[PDB]
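Student: Here's my sequence, what's the structure:
(4 chains, ligands or ions: 12)
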Amino acid sequence: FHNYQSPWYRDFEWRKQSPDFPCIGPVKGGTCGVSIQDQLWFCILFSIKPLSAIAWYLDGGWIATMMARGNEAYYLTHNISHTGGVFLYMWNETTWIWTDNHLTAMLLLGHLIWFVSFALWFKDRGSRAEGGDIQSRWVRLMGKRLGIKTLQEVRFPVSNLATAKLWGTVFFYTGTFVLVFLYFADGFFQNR
Amino acid sequence: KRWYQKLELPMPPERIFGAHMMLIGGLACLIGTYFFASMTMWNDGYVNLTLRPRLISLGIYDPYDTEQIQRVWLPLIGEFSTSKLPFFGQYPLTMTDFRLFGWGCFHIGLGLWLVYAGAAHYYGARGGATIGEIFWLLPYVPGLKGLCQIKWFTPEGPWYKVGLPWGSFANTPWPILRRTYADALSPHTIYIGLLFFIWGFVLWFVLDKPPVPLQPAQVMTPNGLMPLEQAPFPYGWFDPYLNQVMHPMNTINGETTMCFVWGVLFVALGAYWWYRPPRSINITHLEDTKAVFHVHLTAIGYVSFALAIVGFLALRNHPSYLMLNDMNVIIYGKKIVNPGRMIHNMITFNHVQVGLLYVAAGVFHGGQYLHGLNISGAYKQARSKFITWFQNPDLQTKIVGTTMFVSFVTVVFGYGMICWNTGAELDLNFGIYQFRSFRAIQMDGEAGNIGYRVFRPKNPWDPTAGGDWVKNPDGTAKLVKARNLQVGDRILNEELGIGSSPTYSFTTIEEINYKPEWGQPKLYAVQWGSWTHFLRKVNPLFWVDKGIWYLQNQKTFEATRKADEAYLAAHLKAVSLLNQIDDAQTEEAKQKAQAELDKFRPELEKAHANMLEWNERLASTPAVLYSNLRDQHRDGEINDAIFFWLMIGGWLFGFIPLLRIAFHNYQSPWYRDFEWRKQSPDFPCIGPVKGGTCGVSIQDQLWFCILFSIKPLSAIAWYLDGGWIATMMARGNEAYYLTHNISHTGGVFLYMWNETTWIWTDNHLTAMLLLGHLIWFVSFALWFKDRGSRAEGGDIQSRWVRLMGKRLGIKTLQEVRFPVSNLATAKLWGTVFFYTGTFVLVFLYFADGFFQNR
Amino acid sequence: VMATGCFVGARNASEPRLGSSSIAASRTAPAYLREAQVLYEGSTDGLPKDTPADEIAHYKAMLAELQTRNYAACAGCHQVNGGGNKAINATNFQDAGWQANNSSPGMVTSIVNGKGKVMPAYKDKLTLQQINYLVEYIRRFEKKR
Amino acid sequence: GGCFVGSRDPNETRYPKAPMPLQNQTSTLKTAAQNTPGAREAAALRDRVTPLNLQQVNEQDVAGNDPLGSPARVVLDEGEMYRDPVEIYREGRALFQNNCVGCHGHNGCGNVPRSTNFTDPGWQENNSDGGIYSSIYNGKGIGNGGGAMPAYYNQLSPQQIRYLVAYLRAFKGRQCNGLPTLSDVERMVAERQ
Ligand code: 2GO
Ligand code: 2GO
Ligand code: CLA
Ligand code: CLA
Ligand SMILES: CC(C)CCCCCCCCCCCC(=O)OC[C@H](OC[C@H](C[N+](C)(C)C)C(=O)O)OC(=O)CCCCCCCCCCCC(C)C
Ligand SMILES: CNCCOP(=O)(O)O[C@H](COC(=O)CCCCCCCCCCCC(C)C)OC(=O)CCCCCCCCCCCC(C)C
Ligand SMILES: CNCCOP(=O)(O)O[C@H](COC(=O)CCCCCCCCCCCC(C)C)OC(=O)CCCCCCCCCCCC(C)C
Ligand code: HEC
Ligand code: HEC
Ligand code: SF4
Ligand SMILES: [Ca+2]
Ligand SMILES: [Ca+2]
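Tutor: Residues are numbered from 1 along each chain as shown, chains lettered A, B, ... in the order given. Ligands and ions are numbered 1, 2, ... in the order given. I have put the structure below:
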């Protein structure tokens, strides 16, 4: 509905001029994330939450609380088999994940891909552009001093805001879902 | 926006003074309540636990105190109606409870008095103030309006209602009063000297701990009157955990003598400044409280850091905390493993947190004073060298860029070595390289007679090599006794009982008859694989620690070395004799060989006893820098080297934004090139131009320093608490760590899981875990480039809700507008949420107890 | 494209008997349990009279080699049928409580390493693939309750 | 959060135990209250409630570093091991509540997938005491540092594992509400350990 005008845009007379622009702000408190490309990225993130409900439920976690233990009195008296309970599931399955060294390598790489998405998604691109610029000046000073021609015109590339949001969503998504593969790859421990 | 900007500097002296005095009184009241919560009828909790080792060292908390009291100051003291000592006459009280009660009441009486007097300076400043403006939510009570319109602290009043009769410090004609902050630097430090004397006299005469060298010959203990040097810790100087007499300056009597040493020094430096007060031209702009605020707040932060370092070493093995391990500490029904070290770690990490927060903030307040000089055109006019030394932009880019480089190189070295050795511990095959683990096999004693099948190469050094299994003369695969292994042999992983390395088949012997420099007094065949054990030596602190330590222990080190050398020769000759036996072939030749190992057995026994006992002695020598849970030497580890490289590199990573605050609060090289200028200290951006410009202001640079510093601060937390920081996946129970006598709880990731087994045992700790995790991720809602989406969607919500209100008749719903955080207030609250979410979870890592082997 | 297949390597199996894939045998329950029963019993005697001549003699050669390395068969500690010996404390594999409180992965290392005093280590006697087969045979001893 | 913790149970004394020895229990160097008003009641009370071997143990004293701490060489003397129920209870509940609850539950009936369940009779009957030592010392399953049941040979002492072994036999045939009490340990010890 709001690819061209939302009701917040229409009170101001604004008109979105393209599908992927990053913002137009600091006006009116700030406007980052109104384009259609960004709404696509926010769908992908928000959907991580029902998807992980689906993953925990398929693989036998207990989703109705956060700390259910496997054989607590309730589960035992009512013949319920589960692997964990929201948070507890996480630590319960990872003790099984730790017994495989290929899956623990996957766990390490998965965690690193994700938190790097934060570099790309925080309101920080100007800081990164102005520091990159200090870095380029410095490397060119070293080139000129040491007579190293490959380095007297270095200019470090710093992503603009649109491409930072794209690769930030890519890194966030792939981090999370390599890590989810592990909850399946560890085994199905529901004993029925 | 301005709600947290109500009180901004410069302020006048009487208002700062008065609020400090009022806050001091307020703290004294809170401490007074902490004294009440220390009484023995209560459970252990974190508040009363963090004060008990100190109150034991002071003599106020007495662990061996059992009797209950019924008359002590005046005839009414068992229990009585309306308490007799209100709310406390219900329980049995001991003498330490009474000592605690009294010091509590004393801190609440002084505190209330200081609060009143501070208010007199603060409000008598303004000529007085009425009761209803001091208390301000006092006119809401009805039939008490008249009450709240009297004026207190007036310049005129009768003695019990004066503030400042002259109106200000500057107007009062007491000619002792100093008139500038530099002139006041001299009385303020005489004053602090006087405080040091007060403390020394209270310790000597009220608490009865006189100063060295005037300590008593005798002191009263629970087992009678003993001589100072044999009386155990709280009473005397005998340390009952380490079994030694304490050094006199390691007792509290040492602290009372320093009360007088430091108090004399502060009085004399203050009397010197009385006569030649600071006068430099480089200092004169510091009379403005905005400028000094920077200096003082950043200094204070450094002081906190130094409290952490000094307190951690000085108190790591002191009997006040170890005494906690003997009491029966139970928190939220549990029973804590090593409470001593847990409370000690909490106090030092508390101080490290405060250290960071105040250095970072002090520099931000610095950048605010400089930005205002740039706005007002005065930066260019400044006369102090402490500003002008840094005015050149070409020098600023060289300062920032070379600390970025030094950071880059140290962090690449550390993080790259962590990655390498986690690859090694996991045995990861990359196609282009097989990572290999550490494995050991004992070659001496009884273990050395277990056999294996060995694939033994023909000639390692030449390619077009080949190998063969070791056989008998008839052709069957012979079993090789671990004592007879050689470098180059391969033993099948499955026969050593190793899964977990499925991509290769053999373990390779790389060194034989290996004896750890520091570790178990045993002999191994070893695979080193990819495991970099030499990296412990790539630490300047390894060498300084071990050198001082060698110089102090050189005779037992020399006798240990020589006992090792004798045992190795004796083991080598035993292996010869055992081999002659095994390769006899003649029942006679067998029998005679057996006869000669029998007559050499005694004296192999003796060489082994001698070696064992000299190694035990050497490992009981006192620590220099790196210590045990006792207070004994340990050699530096890969852990200690990585910590060392990580402190250099990671504090530069964290502090580079502070340099940017200092240099580029107004123009940076990016800005100057476009001709831009930062118009305020807190704008969020200037929009999408040039790719995007979020995050350039000094308030934002402040938030970045704090997040980046989370990283050296977690390395400190993990190190304090017993984690292995040198890999990601290390487990405590494995061969490298047991052969080298290393205790740890984890490995970066592996620590997270392992400590949480302990966290899970406590329901209060797990509720904290759930909540602190909820706080953090909500910060992402505020930090992402997303605020326009949120405002657009909150407008849709407002509209809908007002529709419902029109349709439904609900007047209060019919004009609702949801507030959406603008960009600056989002970055602030997002940083607040990110920081409190993380460090409530780090508290949990300390609070499950401390589990490093002792 | 990526996994062009996937380069996971060749499977480890037991000894080869001519004309009958050993790798295949190691995933086919009726073949692997026939070899597990031979190891377990220490003889080829309880094997289905339908067993081929070549099979019956390959097993014997396997046993004869293991007898020279002082291998002790599982039956007769644990019996031909389970549920060992209370005397010797030898585990009863017929018991459901013992079976529910063991995972098959966990069971493996208790055979590899041995278990406390009497149950011997088999890491130098048998291959890890022959231990996997035995964990599978012990599973079939379970009775209800 | 702070200050309003409860009243301490009168039965948990704070009266102090003797300090942990500096000397290693495995040393070859030289081997291994008063009448004041209430000091005797407090000592007698500490003697039942306050645990003595809860703290992580010197590094040379851990079972993998102890010459007599391997599963093959440890002494499981039944007379010393099932001698004193106060003691088994005092020690094993503190060690168990700390180290073992996370994965085996607050009831000791199993939390982590496939984890043991110590109340099960079939499991009790088919494990030796020496068997139980082996699995604590080695861990269970394949992995670095033991498997899903982690190894303890660095971590715990042989004496600490033995309190654990005796405590674990008090779980037999109990219901799934928390841990064995002092009288569970005592009925276990009367029915021959
Ligand atoms: C012992 C456990 C172990 C350790 C080493 C570990 C630690 C940590 C840390 C740390 C410093 O301690 C961090 C920072 C961290 C980070 C992460 N880990 Zn992580 N982590 C572990 C293990 C794993 C594993 C195997 C996995 C993650 C997964 C993830 C992911 C998760 C990314 C994310 O944003 O995921 C959102 C989804 C979540 C949190 C799952 C919620 C499940 C629940 C059942 C859904 C339904 C119930 C709610 C109340 C629902 C709301 C209602 C409605 C809207 C649906 C990232 C990289 C990841 C994941 O959760 O992805 C959904 C994942 O799969 N992790 N993780
Ligand atoms: C492990 C059991 C349990 C599970 C259930 C769990 C899961 C998860 C998930 C998930 C869905 O699975 C997530 C998403 C998650 C999130 C979080 N957890 Zn979490 N979490 C658990 C438990 C805990 C605990 C106790 C803690 C966190 C802490 C934290 C924090 C992490 C805050 C943060 O951003 O921290 C950065 C710091 C890290 C990762 C610690 C680094 C330690 C290391 C020793 C530093 C030194 C070495 C490095 C390689 C760096 C060198 C270079 C440098 C110094 C410049 C947030 C809320 C948190 C923390 O680490 O804070 C620093 C904390 O204390 N968590 N966590
Ligand atoms: C892995 C995490 C990581 C790393 C290595 C970096 C690196 C850096 N950040 Mg980014 N950042 C991160 C995550 C990271 N950041 C996160 C999670 C956020 C969200 C808060 C940010 C937000 C952010 C902002 C706003 C800014 C930066 C800036 C910086 C730079 C600081 C300048 C400097 O100190 O030089 C020293 C260099 C180092 C200390 C790091 C060395 C290289 C590291 C160690 C390892 C390379 C690891 C990488 C994962 C390897 C993959 C390689 C591939 C072959 C496998 C530096 C390049 C500043 C800058 O100047 O911009 C350019 C900056 O302004 N960071
Ligand atoms: C706790 C998680 C949390 C919750 C509850 C929300 C809530 C919401 N977000 Mg926010 N968000 C989050 C995290 C969360 N977000 C994260 C991690 C990010 C970064 C990716 C974002 C980024 C973001 C964007 C860009 C936008 C939103 C939007 C929205 C709103 C969606 C419109 C709606 O459909 O109403 C349905 C409402 C619900 C489904 C929520 C019911 C509420 C909860 C579960 C109760 C909340 C409990 C709370 C934590 C507890 C504290 C209360 C205390 C008193 C006890 C919704 C109110 C959109 C918006 O419209 O802004 C106004 C929007 O555009 N979110
Ligand atoms: C901090 C806490 C300790 C609580 C603080 C006190 C109050 C506690 C209890 C909740 C109070 C809820 C009051 C909500 C309310 O009435 O909001 C009205 C308001 O303003 C509009 C007008 C004032 N014009 C605008 C005319 C000047 C007014 O009412 O005063 O608002 C806002 O605009 C903020 C939003 C408030 C949230 C209310 C939304 C309620 C959800 C209803 C959704 C579904 C419908 C169909 C019921
Ligand atoms: C005019 N300037 C602004 C407008 O243009 P603009 O922003 O689109 O320009 C970008 C920006 O700069 C970056 O975006 C930084 C990359 C460097 C950080 C360097 C840091 C990267 C490391 C991250 C790894 C972490 C992961 C593994 C967790 O445009 C891009 O870079 C587009 C992304 C394409 C990159 C393709 C990568 C494929 C290369 C793989 C093969 C190379 C080698 C193997 C031979
Ligand atoms: C499980 N037990 C582990 C500790 O065992 P144990 O007792 O054997 O040994 C001491 C180490 O403990 C510390 O003592 C840490 C206290 C942490 C609080 C203190 C942590 C603070 C560290 C540094 C603070 C930096 C701030 C001020 C910038 O092990 C040491 O050698 C540490 C010495 C620290 C000195 C390192 C020097 C590096 C230089 C930094 C340069 C930075 C800048 C240029 C910006
Ligand atoms: C000499 C006796 C003996 C022989 C031979 C023997 N075992 Fe055992 N085994 C025992 C005893 C005794 C125990 C009890 C272990 C204990 O103390 O808990 C046991 C225990 C077990 C258990 C249960 C382990 C567990 O973790 O719970 C398995 C499985 C097992 N044995 C399998 C085998 C297999 C397979 C073989 C032959 C390959 C075998 N045993 C050979 C005596 C033997
Ligand atoms: C990390 C989780 C975890 C921790 C911590 C843990 N365990 Fe376990 N435990 C398991 C799992 C999983 C099993 C099931 C092993 C198998 O069969 O796969 C198990 C099994 C056992 C068994 C039975 C072994 C056997 O062979 O039959 C004993 C005994 C045991 N655990 C005792 C303890 C004790 C004592 C502690 C604390 C010292 C402890 N556990 C800590 C997870 C854990
Ligand atoms: S911070 Fe980025 S997204 Fe926000 S208004 Fe500025 S340029 Fe736009
Ligand atoms: Ca699973
Ligand atoms: Ca801890």
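
Student: separation between the closest residue to residue A:76 other than its chain neighbours and residue D:118?
Tutor: With Cβ to Cβ, 6 or more residues apart in numbering or on different chains as the criterion, residue A:76 has its nearest non-adjacent residue at 5.3 Å, and that residue is residue D:176. Backbone N, C-alpha and C define where each C-beta goes, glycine included. Distance from residue D:176 to residue D:118, counting by Cβ to Cβ, to the nearest Å: 11 Å.

Student: before we move on, what about residue D:185?
Tutor: Distance from residue D:185 to residue D:118, by Cβ to Cβ: 13 Å.

Student: same deal with residue A:46?
Tutor: 44 Å.

Student: Which one of the residues in chain A is closest to ligand 8?
Tutor: residue A:99 (16.3 Å; Cβ to the nearest ligand atom).

Student: from memory that residue sits against residue D:141, does it?
Tutor: Yes: Residue A:99 is in contact with residue D:141 according to Cβ atoms under 8 Å; the separation is 6.0 Å.

Student: follow-up on the earlier one: if I look at residue D:176 and residue D:118, which residues touch both of them?
Tutor: Among the neighbours of residue D:176, those also in contact with residue D:118 (Cβ atoms under 8 Å, 6 or more residues apart in numbering or on different chains) are residue D:109.

Student: Look at those two and report which has more neighbours.
Tutor: Neighbour count, other Cβ atoms under 10 Å in any protein chain shown: between residue D:176 and residue D:118, residue D:118 has more, with 27 against 19.

Student: which residues does that one contact?
Tutor: D:104, D:108-109, D:124, D:168, D:171-172.

Student: from these, which are also near chain A?
Tutor: Subset of the contacts of residue D:118 in contact with chain A: residue D:109, counting by Cβ under 8 Å from any Cβ of the partner chain.

Student: For the contacts of residue D:118, give me TSV that also has neighbour count.
Tutor: Listed next are the contacts of residue D:118 as TSV, based on neighbours: other Cβ atoms under 10 Å in any protein chain shown:
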residue	neighbour count
D:104	24
D:108	26
D:109	26
D:124	19
D:168	24
D:171	24
D:172	18
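
Student: Tell me the one among the contacts of residue D:118 nearest to ligand 12.
Tutor: Lowest distance from ligand 12 to the contacts of residue D:118 (Cβ to the ion) belongs to residue D:104, with 20.0 Å.

Student: from chain D, which residue is nearest to ligand 5?
Tutor: Of all residues in chain D, residue D:1 sits closest to ligand 5, at 19.3 Å by Cβ to the nearest ligand atom.

Student: Which secondary structure state does that residue sit in?
Tutor: coil (DSSP: H, G, I helix; E, B strand; the rest coil).

Student: residues near it, how many?
Tutor: Residues near residue D:1, counting by other Cβ under 10 Å: 10.

Student: What of residue C:50?
Tutor: Neighbours of residue C:50 (other Cβ under 10 Å): 6.

Student: which residue ranges form the strands in chain A?
Tutor: Read by DSSP state E, chain A holds no strands at all.

Student: List the contacts of residue D:159.
Tutor: Residue D:159 touches D:25, D:53, counting by Cβ under 8 Å, 6+ apart.

Student: And it, which helix or strand is it part of?
Tutor: Counting by DSSP states H and E, the element that carries residue D:159 is helix D:158-168.

Student: so what does the helix or strand that that helix is followed by touch, helix or strand wise?
Tutor: Sequence order places helix D:182-190 as the next helix or strand after helix D:158-168, per DSSP H and E. Counting contacts by 3 or more Cβ pairs under 8 Å, 6 or more residues apart in numbering or on different chains; DSSP states H and E, helix D:182-190 packs against helix D:85-99.

Student: anything in the helix it packs on near chain B?
Tutor: Yes: using Cβ under 8 Å from any Cβ, helix D:85-99 reaches chain B at D:94, D:97-99.

Student: near ligand 9 at all, the helix or strand just after that helix?
Tutor: Downstream of helix D:85-99, the first helix or strand assigned by DSSP H and E is helix D:101-104. Yes: using Cβ under 6 Å from any ligand atom, we find that helix D:101-104 touches ligand 9 at D:102-104.

Student: Make a markdown table out of the residues you listed and add distance to residue A:175.
Tutor: Below are these laid out as a markdown table (distance: Cβ to Cβ, whole Å):
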| residue | distance to residue A:175 |
| --- | --- |
| D:102 | 27 |
| D:103 | 27 |
| D:104 | 32 |
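
Student: Touching, residue C:79 and residue C:88? I think so.
Tutor: No: with contact taken as Cβ under 8 Å, residue C:79 and residue C:88 are classed as non-touching, separated by 10.8 Å.

Student: quick one, what contacts the most centrally placed residue in chain A?
Tutor: Nearest to the mean C-alpha position of chain A, by Cα atoms, centre = their mean, lies residue A:172 at 2.2 Å. Going by Cβ under 8 Å, 6+ apart, residue A:172 touches A:45, A:114, A:117, A:121.

Student: Pick out the most distant pair among these.
Tutor: A:45 and A:114 (11.9 Å; Cβ to Cβ).

Student: how far away is the closest residue to ligand 12 within chain C from residue D:108?
Tutor: Residue of chain C nearest ligand 12, by Cβ to the ion: residue C:106 (27.6 Å). From residue C:106 over to residue D:108 the distance is 18 Å, taken as Cβ to Cβ.

Student: for ligand 8, what are the nearby residues on chain C?
Tutor: Contact residues (Cβ under 6 Å from any ligand atom) of chain C with ligand 8: C:72, C:74, C:77-78, C:88-91, C:102, C:107, C:110-111, C:115-116, C:118-120, C:122, C:134, C:138.

Student: Weed out the non-buried ones from those.
Tutor: Among the residues of chain C next to ligand 8, those classed as buried by 16 or more other Cβ atoms under 10 Å in any protein chain shown are C:74, C:77-78, C:89-91, C:102, C:107, C:110-111, C:115-116, C:119-120, C:122, C:134, C:138.

Student: By proximity to chain B, which residue of chain C wins?
Tutor: Closest contact between chain C and chain B, by Cβ to the nearest Cβ, is at residue C:123 (4.2 Å).

Student: count of residues packed around that residue?
Tutor: A count of nearby residues for residue C:123, using other Cβ under 10 Å, gives 20.

Student: near ligand 9, which residues of chain A?
Tutor: So far as Cβ under 6 Å from any ligand atom goes, chain A lies against ligand 9 at residue A:95.

Student: how about a cut-off of 8 Å?
Tutor: A:95-96 (Cβ under 8 Å from any ligand atom).

Student: How about chain D?
Tutor: D:95-96, D:99-100, D:102-104, D:112-116, D:118, D:123, D:127, D:131-132, D:134-136, D:140-141, D:147-150, D:152, D:156, D:161, D:164, D:168.

Student: what about the residue of chain D found nearest ligand 6, neighbour count?
Tutor: Of all residues in chain D, residue D:144 sits closest to ligand 6, at 24.6 Å by Cβ to the nearest ligand atom. Residues lying near residue D:144 (other Cβ under 10 Å) number 27.
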